[PDB]
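Take a look at this single chain in structure tokens; it is the form deposited in one PDB entry.
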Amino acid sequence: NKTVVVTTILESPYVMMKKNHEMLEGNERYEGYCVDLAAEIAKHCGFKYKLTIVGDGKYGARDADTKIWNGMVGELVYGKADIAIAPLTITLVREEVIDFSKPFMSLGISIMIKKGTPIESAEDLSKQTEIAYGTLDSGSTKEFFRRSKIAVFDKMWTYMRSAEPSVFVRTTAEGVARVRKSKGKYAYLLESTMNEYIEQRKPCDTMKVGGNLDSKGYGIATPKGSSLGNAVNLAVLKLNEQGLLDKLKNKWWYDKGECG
């Protein structure tokens, strides 16, 4: 057997650099939900692995011109990594080029506001212009709006794509910082999982409002045809049935929440 190369992404609380990572090496440098999940998956599948952070820091999109896949999806497609264990959304376009395990976490697009912002829904956002709003500049959330045929979401996309200055951000942390520093004049559309995590982090000035706009899941990905796919899929189901996934979410989201 050969050491399995795992690609993942620095996104809290899935994968984060330990405070004393400098005095550590290898897999011990990282911590988080996906770090713990990788260990469990490897144990149940019987393989040794090496955690690596995706080179370009992206999730995975295909350039329409070059037809090249970037991010974690690209690392799997081109053979740079053997498996991706991260908050990677299971989508049709990705499923066509890589394999996904059954979902290990459920989520949906949601709204994050600075406390006090007079917004309760996506409809509210679409009907006004005072408060700007956007999404991560790349990823399944942005694609949801770009492709949506639903009236409200179509209206939101039409506004966001031409908004000036840009309402799109490079990372979740940037979106959160923008919400926190815009005095309620910026609302952020992001995956509910990240939203829920941030709501329990100091300075406790943000909140998730309304229901989710959609429902989907994160899955563990492997190059299509990979001999690891079957075992990884069964391991995810086993971990869910044993309640381990629920335990891990509580560990990284709520057990040490900072907002009471």
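Heads up, when I say rigid core I mean the largest set of C-alphas that superpose within 1.5 Å between the two forms. Residue numbers here begin at 1 and follow the sequence given.
Keep in mind that the form deposited in another entry is not shown, yet the notes after this line are about it.
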_CA of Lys102, rigid core aligned, shift of 2 Å or more between this form and the one not shown_ = no
_Taking the rigid core as the reference frame, tell me whether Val152 has a CA displacement of 2 angstroms or more between this form and the one not shown._
yes
*If you line up the core, does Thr89 shift 2 angstroms or more at its C-alpha between this form and the one not shown?*
no
